[PDB]
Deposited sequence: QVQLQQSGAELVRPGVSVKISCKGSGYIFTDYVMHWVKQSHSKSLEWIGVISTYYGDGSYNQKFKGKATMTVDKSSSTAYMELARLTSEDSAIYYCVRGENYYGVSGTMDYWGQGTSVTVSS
């Protein structure tokens, strides 16, 4: 029920970074990692990205380490916001609600 991630980082434009969300307190491969609307579904999943963030965001998952990585290439100065992870909920295949939130990065 706790979503710990990286603390804080900020680089100069022209450098790609990576954000990792560590999920602990609940069982894995049963929920859909949102990003506040790209998902990864945590079970050999590709997930559907947003249309505006389609080339900007590229992400994967690691089932053993229980982490949800996310790469952002070609950063600009417009990226002064808070990018983090949400646990989601996936019952039958539908995408469900937005239960527990991340820390903040």
Deposited-sequence ranges lacking C-alpha coordinates, in sequence order: 1, 38-47, 117-122
